[PDB]
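Chemist: Residue numbers (the authors' numbering), protein chains in the order written: chain C, 3 to 120, 141 to 220, 229 to 248, 251 to 294, 303 to 348; chain B, 3 to 120, 141 to 220, 225 to 248, 251 to 294, 303 to 348; chain J, 3 to 120, 139 to 222, 230 to 244, 250 to 295, 303 to 320, 323 to 348.
Right, I'll just put the structure down here and ask away after.
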């Protein structure tokens, strides 16, 4: 019921285009969504969003993050035949988007539909030349989003070519709401940063990314993934050991894994967890059970003491 | 006698496993080693160690750095035969660790031995399945360290596959102890940062003006294990020219044997003049070696440097 | 206690360098080790040992054998920078010795330490030398033997691991077995010869059966290996069937195996091959497989010839 409502919000969020560079509409949608809530809200100079819940101890803070920007593409050239050429936004294989339907947003704000072909866009508009295309409003620089084909299954899976990383974004939002409905008091001021590319009060002590990577083997879409290392290196040992203990104490099904394809600069202990997706940066999927387990870890985490 | 002792320290240090991500033991060991000393010490949130020796001028600061974390690996998967699969910690070639003995450390801090084969671990334990391996306490996530085969040669070389940068750590430590034993006054407050995370990272008093990495690299040329190495450029780009010219002059003034090098391997966001020196290491990252005399010249240059004025 | 003493000896032998061509020291060490024993000991033109124990039957002989020579290298050229260039002794792969510590013995007995690095593979000598002249000045010369540090370790868990073994395990087995026969004063049914060779990486006329104790290349390091054939071809079928019966009879854990790369082509004798189970001929075996091997040569030795 909780988890299902969580899944509905994923669908809502994935259904709004927000490729890196063009996330305004989704940050707004989020500003309004929490606008009645208790949480203090703050928009960056970049247009990222920081949501702060005051806690008992406001001299030491905890930071959780999840990103709303997604892969996408940009119009790099209008071809003389009127098909569009694209520059990629984010790290995928073009292969995994051949034939996807997509949308093109103009400066003006008008949108058109299209299909990705091979890298071209066949626009759904009787237009046969570069001037014809321009007449439409479309220009080099325009953002192109890929239609996410989002679907929620009765057997409890959420399937889509997004989930980069809107699952986590919903989780942080439901968590915030829950603190409120239930009058939970956080032991520490905790910031939830809803970032818009793939800044931090000086008193932040711990930093948890909520996000989801690929493995190189078997994924598990039924448990929460707690990352011990990624391509930038091992995550903070002690804090990771802490999260594992939280999971066991609370009987949350988890998995400890390495993400080989995934700050350091801020004096802060870093950890990473997220739901298990499958076939990430392509056609992506996870099951309600992983989302529940993840919801439960984040809560357990946010309620624990800072590491010794 | 001084330099031989320095080497003793390297050997002790190299003998504590400490691959990036799992450097607690070694940092505690260092915290202790200096615990009676006059040097103010400070652990950050990251578990890096900052050792500070106050100087005449406490308005402008000098920062020296050297790193304690080493290469290693981590258990990425327990195979159904019972043999272990590994993710790499650091930038090396697997080749250079085929048949190394290693040590697998458990959550609960239990330890087992093994051998790297071609890339997996044959654990020195009578276990034939994923299950009986886990029975041992071993789990995906566990740190694996490569046995360093450290040895000090009567002819003055120190060798191990895997010296990493613990040569430099020993040099900073002995320098700090020398400042105290001989009652020397630093001209500037000087920070010695024992980092734990190769990039790496830092956080450092706003009044730092100069930043010297003490570390060692490979050439693409072929190294010199008898002189101190002064880096003119690496992948990040050339090092601060003037400060680098300063370091060469110190070496000449003091008759320290040096070489000016380019390291085609191994950054900036802090308004700070950067330099890099270290002993010459041979076959770096692969099977490493340096000599008594290079360590002595390096000790001498670091000292001369720390006693000099900031560049005008 | 018996079995861990066998591992002590193995480690002791592995710690004496002995690559093919330069085995005097170890041969001496062995020749000394048995000097007080009840066994007839005969050195050799090639410098190998033969230890003979008389039995009941002295017109039909048995021979067991194991070798003390090992992989190694020899100095092939001293390079202009003073690094050493090597020629392989034995048949291994070069990659498998990159970064290994090694030792260089001079014509006059001086030894220097070194590291192997990269057939274009060299030795970095642990000495301040910069030229052919300075190297020779140490007394190093083309022709010098080079041995690789065996890095031998016996673990609280019962494994013995090195990068040598290959055949010193067997040598210690033959050695220890010979000893116990004169301790326990049982009588061999046959005069048997124990040949300790020094050239098997590179004998009486009344001998009937020839058992080699040696190790070849998903392995099992907890059992005695009995060889059914190797690159040379099938081992005597009758005799191997015997060694298997002998194992079952005596409840020795065994595996029957084919060494596809393992090398008396034409002396008229019945041939056999067994040995402890080696992993990756960097090498390891467990003590249980040594115990199983020890029990098997014993029963073999006490057995009767086949009709």
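Backbone N, C-alpha and C fix where the C-beta goes; we use that ideal spot for every residue, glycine too.
#1: Pull up the DSSP beta-bridge partners for residue 145 (chain B), would you.
#2: Measure the CB-CB distance between residue 63 (chain C) and residue 210 (chain C) and report whether it falls below 7 angstroms.
#3: Could you name the residues that DSSP lists as bridge partners for residue 2 (chain B)?
#4: So the beta strand (DSSP E) residue 44 (chain B) belongs to, where does it begin and stop?
#5: Classify residue 160 (chain C): buried if its beta carbon has 16 or more other beta carbons within 10 angstroms, exposed otherwise.
#6: Whose Cβ in chain B lies nearer than 9 angstroms to the Cβ of residue 27 (chain J)?
#7: Return the CA-CA distance between residue 269 (chain C) and residue 65 (chain B), expressed in angstroms with no decimal places.
#8: For residue 101 (chain B), which residues in chain A fall below 8 angstroms Cβ to Cβ?
#9: Roughly how many whole angstroms lie between the Cα atoms of residue 83 (chain B) and residue 323 (chain B)?
#10: Could you confirm whether any beta carbon from chain C is found closer than 7 angstroms to the beta carbon of residue 227 (chain B)?
#11: Measuring only between beta-carbons, confirm whether residue 175 (chain J) sits less than 7 angstroms from chain B.
#12: If you measure from the beta carbon of residue 30 (chain B) to each beta carbon in chain C, is any gap under 7 angstroms?
#13: Measuring only between beta-carbons, confirm whether residue 266 (chain C) sits less than 7 angstroms from chain B.
#14: Is the Cβ of residue 22 (chain B) closer than 7 angstroms to any Cβ of chain C?
#15: So with Cβ pairs under 7 angstroms, would you call residue 117 (chain J) a contact of chain B?
#16: Within 10 angstroms of its Cβ, does residue 109 (chain C) collect 16 or more other Cβ (buried), or is it exposed?
#17: Per DSSP, which one or two residues make a beta bridge with residue 179 (chain B)?
#18: Within the 7 angstroms Cβ cut-off, does residue 46 (chain B) reach chain C?
#19: Taking only beta-carbon positions, decide if residue 76 (chain B) is within less than 7 angstroms of chain C.
#20: Check whether the Cβ of residue 89 (chain B) lies closer than 7 angstroms to any Cβ atom in chain C.
#21: Spatial neighbours of residue 286 (chain C) within its chain, please: C-beta separation below 6 angstroms, excluding the five flanking residues on both sides.
#22: Could you give the DSSP three-state label for residue 9 (chain B): helix, strand or coil?
#23: With 7 angstroms as the threshold, decide whether the Cβ of residue 305 (chain C) is near any Cβ in chain B.
#24: When DSSP builds the beta bridges, which residues end up paired with residue 55 (chain C)?
#25: Go ahead and label residue 183 (chain C) buried or exposed: buried means 16 or more other beta carbons lie within 10 angstroms of its beta carbon, across all protein chains shown.
#26: Residue 292 (chain C) touches chain B at which residues, Cβ-Cβ below 9 angstroms?
#27: Reducing DSSP to helix, strand and coil, say where residue 291 (chain J) ends up.
#28: Does the region 174-190 of chain C come close enough to the region 304-318 of chain C to have 3 or more Cβ pairs within less than 8 angstroms?
#29: Residues of chain B with CB closer than 7 angstroms to the CB of residue 269 (chain C), please, in chain order.
#30: Kindly list the residues whose CB is nearer than 6 angstroms to the CB of residue 332 (chain B), restricted to its own chain and excluding five residues on each side of it in sequence; keep chain order.
#31: Among B:253, B:11, B:283, B:75, which one has its Cα closest to the Cα of residue 149 (chain J)?
#32: Our contact map puts residue 54 (chain C) next to residue 70 (chain C) with C-beta atoms below 8 angstroms; I'd like the distance itself, whole angstroms only.
#33: Tell me, to the nearest whole angstrom, how far the beta carbon of residue 302 (chain C) is from that of residue 88 (chain C); I am working on the premise that it is less than 8 angstroms.
#34: Using the C-alpha atoms, what's the distance from residue 33 (chain B) back to residue 197 (chain B)?
#35: Which residues, taken in chain order from the region 156-168 of chain B, show a beta carbon closer than 7 angstroms to some beta carbon of chain J?
#36: Roughly how many angstroms separate the alpha carbons of residue 327 (chain C) and residue 175 (chain C), rounded to a whole number?
Modeler: The answer reads as follows:
#1: By 1-based counting over the second chain, the position of residue 145 (chain B) is 123. Note: residue 145 (chain B) sits in a beta bridge opposite B:116.
#2: Against the first chain, residue 63 (chain C) aligns to sequence position 61. Against the first chain, residue 210 (chain C) aligns to sequence position 188. For residue 63 (chain C) and residue 210 (chain C), yes; Cβs fall inside 7 angstroms.
#3: Nothing can be reported for residue 2 (chain B), as the shown portion of chain B is limited to 3 through 348.
#4: Counted from its first residue, the second chain places residue 44 (chain B) at position 42. Unbroken beta strand (DSSP E) run through residue 44 (chain B): 42-45.
#5: For the purposes of this step, residue 160 (chain C) is identified with residue 138 of the first chain, where counting begins at 1. Burial call: buried.
#6: Along the third chain, read from residue 1 onward, the residue named residue 27 (chain J) stands at position 25. Residues of chain B passing the Cβ test: none, with the nearest at roughly 21 angstroms.
#7: Position 237 of the first chain, counted from the first residue, corresponds to residue 269 (chain C). Position 63 of the second chain, counted from the first residue, corresponds to residue 65 (chain B). Spanning the two alpha carbons is a distance of roughly 27 angstroms.
#8: Looking at the structure shown, chain A is missing, and the protein chains on hand are C, B and J.
#9: Walking along the second chain from the start, residue 83 (chain B) turns up at place 81. Walking along the second chain from the start, residue 323 (chain B) turns up at place 287. Distance between the alpha carbons of residue 83 (chain B) and residue 323 (chain B) is about 31 angstroms.
#10: The residue given as residue 227 (chain B) occupies position 201 in the second chain. Closer than 7 angstroms to some Cβ of chain C, the Cβ of residue 227 (chain B) qualifies, so yes.
#11: On the third chain, residue 175 (chain J) is found 155 positions in, with the first residue counted as 1. Chain B contact via Cβ: present.
#12: Position 28 of the second chain holds residue 30 (chain B). No, because no Cβ of chain C sits closer than 7 angstroms to the Cβ of residue 30 (chain B).
#13: Position 234 of the first chain, counted from the start, is the residue given in the question as residue 266 (chain C). For residue 266 (chain C), the answer is yes, since a Cβ of chain B falls inside 7 angstroms of its Cβ.
#14: In the second chain, the residue the question calls residue 22 (chain B) occupies position 20. So, interface residue.
#15: In the third chain, residue 117 (chain J) corresponds to position 115, counting from 1. Interface residue, yes.
#16: Indexing the first chain from 1 puts residue 109 (chain C) at position 107. Exposed, since its Cβ has fewer than 16 Cβ neighbours within 10 Å.
#17: Stepping through the second chain from its first residue, residue 179 (chain B) is reached at position 157. In the DSSP output, where bridge partners are listed per residue, residue 179 (chain B) has B:327.
#18: Looking up residue 46 (chain B) in the second chain gives position 44. Yes, residue 46 (chain B) counts as interfacial toward chain C.
#19: Translated into positions along the second chain, residue 76 (chain B) becomes position 74. Cβ-Cβ to chain C under 7 angstroms: yes for residue 76 (chain B).
#20: If you number the second chain from 1, residue 89 (chain B) lands on position 87. Closer than 7 angstroms: yes.
#21: Translated into positions along the first chain, residue 286 (chain C) becomes position 254. 255, 256, 258, 279.
#22: Counting from 1 along the second chain, the entry for residue 9 (chain B) is found at position 7. Three-state DSSP puts residue 9 (chain B) in a helix.
#23: Counting from 1 along the first chain, the entry for residue 305 (chain C) is found at position 265. Yes, contact with chain B.
#24: Here residue 55 (chain C) refers to the residue found at position 53 when the first chain is read from its first residue. Looking at the DSSP assignment, residue 55 (chain C) forms a beta bridge with C:212.
#25: Counting from 1 along the first chain, the entry for residue 183 (chain C) is found at position 161. That one is buried.
#26: Locating residue 292 (chain C) in the first chain gives position 260, counting from the first residue. Those are 78, 89, listed as they occur along chain B.
#27: The residue labelled residue 291 (chain J) in the question sits at position 259 within the third chain. If DSSP states are grouped into helix, strand and coil, residue 291 (chain J) belongs with the strands.
#28: yes
#29: Numbered from 1 along the first chain, position 237 holds the residue referred to as residue 269 (chain C). Residues of chain B passing the Cβ test: 23, 24.
#30: Position 296 of the second chain, counted from the start, is the residue given in the question as residue 332 (chain B). The residues are 5.
#31: One-based indexing of the third chain puts residue 149 (chain J) at position 129. Among B:253, B:11, B:283, B:75, the Cα nearest to that of residue 149 (chain J) is on B:253.
#32: The count along the first chain starts at 1 and reaches residue 54 (chain C) at position 52. The count along the first chain starts at 1 and reaches residue 70 (chain C) at position 68. Not confirmed; about 17 angstroms, so no contact.
#33: Any structural detail on residue 302 (chain C) is unavailable, because chain C resumes at 303 straight after 294.
#34: For this step, residue 197 (chain B) is matched to residue 175 along the second chain. For this step, residue 33 (chain B) is matched to residue 31 along the second chain. The alpha-carbon atoms of residue 197 (chain B) and residue 33 (chain B) are separated by roughly 16 angstroms.
#35: none
#36: Translated into positions along the first chain, residue 327 (chain C) becomes position 287. Translated into positions along the first chain, residue 175 (chain C) becomes position 153. Between residue 327 (chain C) and residue 175 (chain C), the C-alpha separation is close to 9 angstroms.
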